[PDB]
Every structure is written in C-alpha cells, then in structure tokens.
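A short worksheet on the structure shown next.
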Amino acid sequence: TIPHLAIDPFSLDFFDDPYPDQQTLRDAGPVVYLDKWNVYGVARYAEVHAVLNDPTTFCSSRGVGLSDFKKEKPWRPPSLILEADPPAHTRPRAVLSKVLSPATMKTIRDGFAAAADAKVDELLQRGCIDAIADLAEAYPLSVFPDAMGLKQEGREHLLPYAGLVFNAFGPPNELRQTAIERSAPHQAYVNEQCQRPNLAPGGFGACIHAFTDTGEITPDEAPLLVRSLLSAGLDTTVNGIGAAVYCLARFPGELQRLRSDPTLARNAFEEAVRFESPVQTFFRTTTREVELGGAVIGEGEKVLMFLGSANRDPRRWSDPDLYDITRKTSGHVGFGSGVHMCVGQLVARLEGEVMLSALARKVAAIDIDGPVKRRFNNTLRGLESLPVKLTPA
Ligand code: HEM
Ligand SMILES: O=C(O)c1ccc(-c2ccsc2)cc1
Ligand SMILES: [Cl-]
C-alpha cells in the first residue's frame with residue numbers, strides 16, 4: 001500500500017539538486033516510507049499542510065528532528081516552544097509573539113532599513129561582491145545581534161551555533177555528528193548570553209525577561225526562550241535573503257519588475273521563501289495510529305515533511321518552478337503552518353523587504369560572475385558563495 005523508497009533526503013547528492021527526487025516522492029503517493037531512515041514521508045502540499053495543522057496527532061514534543069525524545073536524550077535541553085505541544089507550548093509562544101509583535105516592528109524598521117540601504121551603497125562601491133558573505137550574512141549580522149541586545153564580543157559563535165542546531169534535526173550522519181563534536185564553545189557562548197544581565201536594555205532578549213512578571217513565563221524559562229531566538233533568528237534569514245538575491249540574479253526579468261515597482265519588495269521576498277524554502281524539512285511524531293492520505297501510520301512513528309516540495313507541488317501551484325514576484329503566495333509553508341508557524345516571521349519579512357527595497361532602488365543589474373558554491377546542512381537550503389557584479393542604477 002505504502003511505497004518504499006531508498007532516496008536519502010539528507011545526502012549531499014540530494015542537497016545538490018533536490019527537485020527531481022522531490023517529484024519522485026510526490027508522485028510515488030501521498031505517503032511514502034523512507035527505508036534509509038525508517039520514517040514516513042509526505043512531499044505533497046495537501047499532506048504537509050494536514051500534518052502541520054494536526055498538532056495533537058502529529059506532535060512536536062518528541063522532537064522535530066529524526067531523533068525521538070522518547071527513545072533518545074535530546075542533544076540540548078528541549079526548546080520550550082519548538083519542541084513543546086499545547087498546552088505547554090501556548091504561553092511561551094504568546095510571549096515570543098508579543099516580543100516580536102506587529103507593534104514591535106515599528107520600533108526597529110527605520111534602523112533595519114537604514115542598515116540595508118547603507119549595505120547596498122557599500123557593496124556598490126566594490127562592484128563585485130559575494131552575495132553570501134558580503135550581503136546575505138553581513139546584513140543580518142549588522143542588525144539582528146544588536147536587536148537581540150547582544151554584546152559585540154563572541155558574535156562569531158552565532159552562525160556556527162545555528163548551523164549546529166539545524167544540522168541536529170537531521171539523522172546521525174556525518175554533517176550532524178561533526179557539528180555536535182565541535183559544538184561545546186558555541187553552546188557555552190549562547191547559553192551565557194541568554195542570562196538577563198548579558199542582554200542590553202530594550203532588545204528582544206531583555207523584553208523576553210521582562211515578561212517573567214506577568215505569569216506567562218517564569219524567570220527560569222526566559223533564558224531558553226532567548227536561546228530560541230539565537231537558534232532560529234539569524235541563519236534562517238541569511239538563507240532567506242540569500243535565496244532572494246539568487247532568484248533576482250537568475251531571473252533578471254523579475255529584477256526589472258521589482259525595480260519598476262519597489263513596493264513589490266515584500267512579496268518578492270515571500271516568493272523567494274516559497275521558491276527556495278530555506279527550511280527544507282522537519283519532522284513530527286505520531287501520538288496515535290492515524291490515517292493520512294489513505295494510509296495507516298502507527299503510533300510513535302516519525303513523519304518527515306518536505307516543506308520545499310510542498311511549495312513546488314503542481315497540485316497546489318501554477319508554474320511552481322517559476323519565480324514570480326506578483327504570485328499570490330498566501331498558503332505557502334516556507335514559514336510552516338498552524339500553531340508553530342514561524343513566530344519570528346515579521347522580523348524575517350522586515351529584513352527581506354528592506355533589503356530587496358534597497359536593491360530595487362539602487363541596483364540596475366545583478367550578474368553572477370564566479371562559481372556558485374552550495375552550503376550543505378541537514379535542514380537548511382542555501383549557498384556558501386554567490387559571486388555577483390552589482391551595476392548601480
Ligand atoms: C526566512 C526566515 C525564516 C524561515 C524560513 C523560518 C522558518 C520557520 C518554520 C518553517 C518554522 C516552523 C517549525 C515547526 O513547525 O516545527 C519556524 C518556527 C520558528 N521560528 Fe522561524 N523562520 C525564519 C526566521 C525566523 C526568525 C527571524 C526568528 C526569530 C527572530 C525565528 C524564530 C522561530 C521560532 C522561535 C519558531 C518556533 C515557533 C513555534 O514552535 O511556535 N524564525 N520558523
Ligand atoms: O526554539 C528554538 O530553539 C528553535 C525554533 C525553531 C527552529 C526551526 C526549526 C525548523 S524551522 C525553524 C529551530 C530552533
Ligand atoms: Cl545550547
């Protein structure tokens with residue numbers, strides 16, 4: 001009934017070009033079994049959406065990586081939000097929602113936009129740049145650690161720590177075990193910055209700690225919630241912005257549309273998130289026997305969702321493999337869906353928007369002018385190096 005496939009979605013060959021294998025996964029059936037890792041897989045939009053939106057049956061408290069916390073010890077203490085289910089999830093979620101609220105975006109937008117404009121001006125002086133190190137990495141590094149309230153010293157630990165976190169959702173392959181063995185100094189730095197005294201006034205970190213007064217979280221919960229933002233808040237946006245620039249570089253017609261109407265910047269970024277899907281995959285664990293897509297899955301089984309695949313499923317999208325900055329993007333699952341849907345999505349969109357706005361207003365052309373190199377991660381899709389020439393408007 002359920003087809004079995006030998007495809008390894010965490011292999012380097014798969015990362016290098018996942019799209020043919022993703023079609024194979026979609027077309028095999030609504031539910032497949034991945035013999036390589038003994039997990040169920042869903043790669044169509046319909047089933048990915050269904051799983052995300054039934055948190056009771058498809059839980060997160062047994063981990064959203066391959067590892068089942070009921071069987072193995074988590075590599076770090078569980079996240080109070082990502083790796084929790086309702087009701088435990090609900091109050092910590094509400095706190096991060098308020099910390100990263102619509103109202104909060106007003107306090108940081110001017111600074112984020114200024115830094116984006118400044119970066120693009122700086123890059124135009126050089127002309128030929130690496131759109132990863134010099135833009136996709138440099139810009140979020142120039143605004144997010146400050147918005148968190150982090151000191152300057154030690155920030156070089158942030159991207160390695162995030163790479164570790166997202167590799168750790170994967171199976172115990174080489175990527176994962178190498179990350180974990182190098183992890184000690186990054187964990188030590190991050191855990192220390194989570195303490196209240198080390199987070200500057202007015203920043204996201206201080207604001208989380210300030211909520212420990214209200215009855216929503218206790219003081220001992222605040223450091224792990226800061227840890228969530230230091231885990232999920234930087235490397236994701238690096239790959240999202242990298243994705244957007246890569247799309248504009250490959251699809252010059254869309255850059256030209258963006259230049260002609262810079263107010264398309266926000267949707268151009270959203271479409272980039274759909275099109276590349278910086279977060280490719282993660283898991284749920286079944287809490288009961290369940291019927292999904294006409295198949296029966298037993299209790300305590302890992303289910304691997306292919307978010308990137310769902311975002312290219314022709315059953316849901318017209319011309320899924322085209323980058324279209326005026327596409328109706330609502331419903332894409334690049335930020336997830338349901339109760340765990342990215343709590344930081346307003347920050348992500350703000351960064352993406354103001355950077356694409358800067359490019360739209362200041363840059364006439366983006367031409368790849370060197371070898372493109374991919375960055376491999378069990379969960380994240382993105383580039384290591386993207387040599388481009390920027391032509392000023
Ligand atoms: C382009 C950038 C981003 C992408 C693609 C992205 C993607 C996602 C996805 C797919 C989830 C769902 C996980 C699940 O359902 O198990 C998620 C959750 C989460 N994200 Fe984002 N994210 C991004 C940026 C951010 C930022 C900027 C922050 C914080 C400042 C952040 C913090 C979080 C947190 C704390 C969760 C857990 C929410 C929950 O479990 O309720 N992320 N993200
Ligand atoms: O709470 C945290 O530490 C945390 C929250 C979310 C992610 C994530 C995973 C797949 S997409 C976004 C990672 C870590
Ligand atoms: Cl840690």
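Residue names in the structure tokens use chain letters A, B, ... in the order shown, residue numbers from 1 in each chain, and ligand numbers from 1 in the order shown.
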Counting only C-alpha atoms and all ligand atoms, which residues of chain A fall within 7 Å of ligand 3, and what is the closest atom pair for each with its distance in Å at one decimal, ordered by chain and rising number, as a tab-separated table?
residue	atom	partner	partner_atom_place_in_ligand_line	distance
A:76	CA	ligand 3	1 (Cl)	5.7
A:187	CA	ligand 3	1 (Cl)	4.2
A:188	CA	ligand 3	1 (Cl)	7.0
A:190	CA	ligand 3	1 (Cl)	6.3
A:191	CA	ligand 3	1 (Cl)	5.7
Practice task
Tell me which protein, DNA and RNA residues are within 6 Å of residue 353 in chain A, counting only C-alpha atoms, leaving out same-chain ones fewer than 4 positions away, and put them as a ChimeraX atom specification.
Solution key: /A:265-266,349,357
List every residue of chain A that has an atom at most 7 Å from any atom of ligand 1, and for each one report the closest atom pair and its distance in Å to one decimal, counting only C-alpha atoms and all ligand atoms, with rows sorted by chain and then by increasing residue number, as JSON lines.
{"residue": "A:52", "atom": "CA", "partner": "ligand 1", "partner_atom_place_in_ligand_line": "15 (O)", "distance": 6.6}
{"residue": "A:60", "atom": "CA", "partner": "ligand 1", "partner_atom_place_in_ligand_line": "16 (O)", "distance": 6.8}
{"residue": "A:64", "atom": "CA", "partner": "ligand 1", "partner_atom_place_in_ligand_line": "16 (O)", "distance": 6.0}
{"residue": "A:81", "atom": "CA", "partner": "ligand 1", "partner_atom_place_in_ligand_line": "40 (O)", "distance": 4.6}
{"residue": "A:82", "atom": "CA", "partner": "ligand 1", "partner_atom_place_in_ligand_line": "40 (O)", "distance": 3.4}
{"residue": "A:83", "atom": "CA", "partner": "ligand 1", "partner_atom_place_in_ligand_line": "40 (O)", "distance": 6.7}
{"residue": "A:93", "atom": "CA", "partner": "ligand 1", "partner_atom_place_in_ligand_line": "41 (O)", "distance": 5.5}
{"residue": "A:228", "atom": "CA", "partner": "ligand 1", "partner_atom_place_in_ligand_line": "35 (C)", "distance": 5.0}
{"residue": "A:229", "atom": "CA", "partner": "ligand 1", "partner_atom_place_in_ligand_line": "29 (C)", "distance": 4.8}
{"residue": "A:232", "atom": "CA", "partner": "ligand 1", "partner_atom_place_in_ligand_line": "32 (C)", "distance": 4.5}
{"residue": "A:233", "atom": "CA", "partner": "ligand 1", "partner_atom_place_in_ligand_line": "28 (C)", "distance": 3.6}
{"residue": "A:234", "atom": "CA", "partner": "ligand 1", "partner_atom_place_in_ligand_line": "27 (C)", "distance": 6.1}
{"residue": "A:236", "atom": "CA", "partner": "ligand 1", "partner_atom_place_in_ligand_line": "2 (C)", "distance": 4.3}
{"residue": "A:237", "atom": "CA", "partner": "ligand 1", "partner_atom_place_in_ligand_line": "2 (C)", "distance": 4.1}
{"residue": "A:239", "atom": "CA", "partner": "ligand 1", "partner_atom_place_in_ligand_line": "1 (C)", "distance": 6.6}
{"residue": "A:240", "atom": "CA", "partner": "ligand 1", "partner_atom_place_in_ligand_line": "1 (C)", "distance": 4.2}
{"residue": "A:273", "atom": "CA", "partner": "ligand 1", "partner_atom_place_in_ligand_line": "5 (C)", "distance": 6.2}
{"residue": "A:277", "atom": "CA", "partner": "ligand 1", "partner_atom_place_in_ligand_line": "5 (C)", "distance": 6.3}
{"residue": "A:278", "atom": "CA", "partner": "ligand 1", "partner_atom_place_in_ligand_line": "5 (C)", "distance": 5.2}
{"residue": "A:279", "atom": "CA", "partner": "ligand 1", "partner_atom_place_in_ligand_line": "5 (C)", "distance": 5.3}
{"residue": "A:282", "atom": "CA", "partner": "ligand 1", "partner_atom_place_in_ligand_line": "16 (O)", "distance": 6.7}
{"residue": "A:333", "atom": "CA", "partner": "ligand 1", "partner_atom_place_in_ligand_line": "10 (C)", "distance": 6.8}
{"residue": "A:334", "atom": "CA", "partner": "ligand 1", "partner_atom_place_in_ligand_line": "10 (C)", "distance": 5.3}
{"residue": "A:335", "atom": "CA", "partner": "ligand 1", "partner_atom_place_in_ligand_line": "10 (C)", "distance": 3.8}
{"residue": "A:336", "atom": "CA", "partner": "ligand 1", "partner_atom_place_in_ligand_line": "10 (C)", "distance": 4.0}
{"residue": "A:337", "atom": "CA", "partner": "ligand 1", "partner_atom_place_in_ligand_line": "15 (O)", "distance": 6.6}
{"residue": "A:339", "atom": "CA", "partner": "ligand 1", "partner_atom_place_in_ligand_line": "41 (O)", "distance": 6.0}
{"residue": "A:340", "atom": "CA", "partner": "ligand 1", "partner_atom_place_in_ligand_line": "41 (O)", "distance": 3.3}
{"residue": "A:341", "atom": "CA", "partner": "ligand 1", "partner_atom_place_in_ligand_line": "12 (C)", "distance": 4.9}
{"residue": "A:342", "atom": "CA", "partner": "ligand 1", "partner_atom_place_in_ligand_line": "18 (C)", "distance": 3.6}
{"residue": "A:343", "atom": "CA", "partner": "ligand 1", "partner_atom_place_in_ligand_line": "38 (C)", "distance": 4.9}
{"residue": "A:344", "atom": "CA", "partner": "ligand 1", "partner_atom_place_in_ligand_line": "28 (C)", "distance": 3.6}
{"residue": "A:345", "atom": "CA", "partner": "ligand 1", "partner_atom_place_in_ligand_line": "24 (C)", "distance": 5.6}
{"residue": "A:347", "atom": "CA", "partner": "ligand 1", "partner_atom_place_in_ligand_line": "27 (C)", "distance": 5.0}
{"residue": "A:348", "atom": "CA", "partner": "ligand 1", "partner_atom_place_in_ligand_line": "27 (C)", "distance": 4.3}
Exercise for the section: Identify, on the basis of only C-alpha atoms, every residue whose closest approach to residue 178 in chain A does not exceed 10 Å; exclude the query and any residue fewer than 4 positions from it along the same chain; express the result as an MDAnalysis selection string. Expected result: chainID A and resid 164 167:168 172:174 182:183
Just C-alpha atoms for this one: save the residues we selected as an mmCIF file, in the first residue's frame.
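As a result, again-v4.cif now contains:
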data_model
loop_
_atom_site.group_PDB
_atom_site.id
_atom_site.type_symbol
_atom_site.label_atom_id
_atom_site.label_comp_id
_atom_site.auth_asym_id
_atom_site.auth_seq_id
_atom_site.Cartn_x
_atom_site.Cartn_y
_atom_site.Cartn_z
ATOM 1 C CA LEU A 164 24.663 23.088 14.503
ATOM 2 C CA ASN A 167 22.123 20.033 11.324
ATOM 3 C CA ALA A 168 20.992 18.381 14.562
ATOM 4 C CA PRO A 172 23.088 10.806 12.696
ATOM 5 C CA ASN A 173 25.068 11.328 9.516
ATOM 6 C CA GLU A 174 28.448 12.982 9.116
ATOM 7 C CA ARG A 182 32.549 20.908 17.522
ATOM 8 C CA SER A 183 29.620 22.342 19.497
#
Exercise for the section: For residue 61 in chain A, work out the shell of residues within 10 Å, counting only C-alpha atoms and skipping chain neighbours fewer than 4 positions away, then give it as a ChimeraX atom specification. Expected result: /A:55,68-70,78-86,88-89,284-285
Selection from above, C-alpha atoms, as a PDB file, in the first residue's frame, can you write it?
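New file selection10.pdb:
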ATOM      1  CA  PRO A  55      -0.521  19.046  16.346  1.00  0.00           C
ATOM      2  CA  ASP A  68      12.563  10.582  19.115  1.00  0.00           C
ATOM      3  CA  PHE A  69      12.947  12.152  22.565  1.00  0.00           C
ATOM      4  CA  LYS A  70      11.002   9.227  23.999  1.00  0.00           C
ATOM      5  CA  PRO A  78      14.310  20.853  24.698  1.00  0.00           C
ATOM      6  CA  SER A  79      13.080  24.147  23.341  1.00  0.00           C
ATOM      7  CA  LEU A  80      10.130  25.452  25.360  1.00  0.00           C
ATOM      8  CA  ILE A  81       8.381  26.455  22.146  1.00  0.00           C
ATOM      9  CA  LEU A  82       9.546  24.434  19.099  1.00  0.00           C
ATOM     10  CA  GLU A  83       9.724  21.138  20.948  1.00  0.00           C
ATOM     11  CA  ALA A  84       6.591  21.578  23.031  1.00  0.00           C
ATOM     12  CA  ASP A  85       2.957  20.795  22.381  1.00  0.00           C
ATOM     13  CA  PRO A  86      -0.174  22.598  23.516  1.00  0.00           C
ATOM     14  CA  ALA A  88       2.783  23.741  27.428  1.00  0.00           C
ATOM     15  CA  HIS A  89       3.571  25.480  24.131  1.00  0.00           C
ATOM     16  CA  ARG A 284       6.569  15.220  13.603  1.00  0.00           C
ATOM     17  CA  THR A 285       5.918  12.126  15.725  1.00  0.00           C
TER      18      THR A 285
END
Exercise for the section: Any chance you could list, as number ranges by chain, the residues in range 52-232 of chain A that come up alpha helix (DSSP H) when DSSP is run on the backbone? Expected result: A: 52, 90-99, 102-126, 138-148, 158-168, 174-181, 184-193, 204-210, 222-232
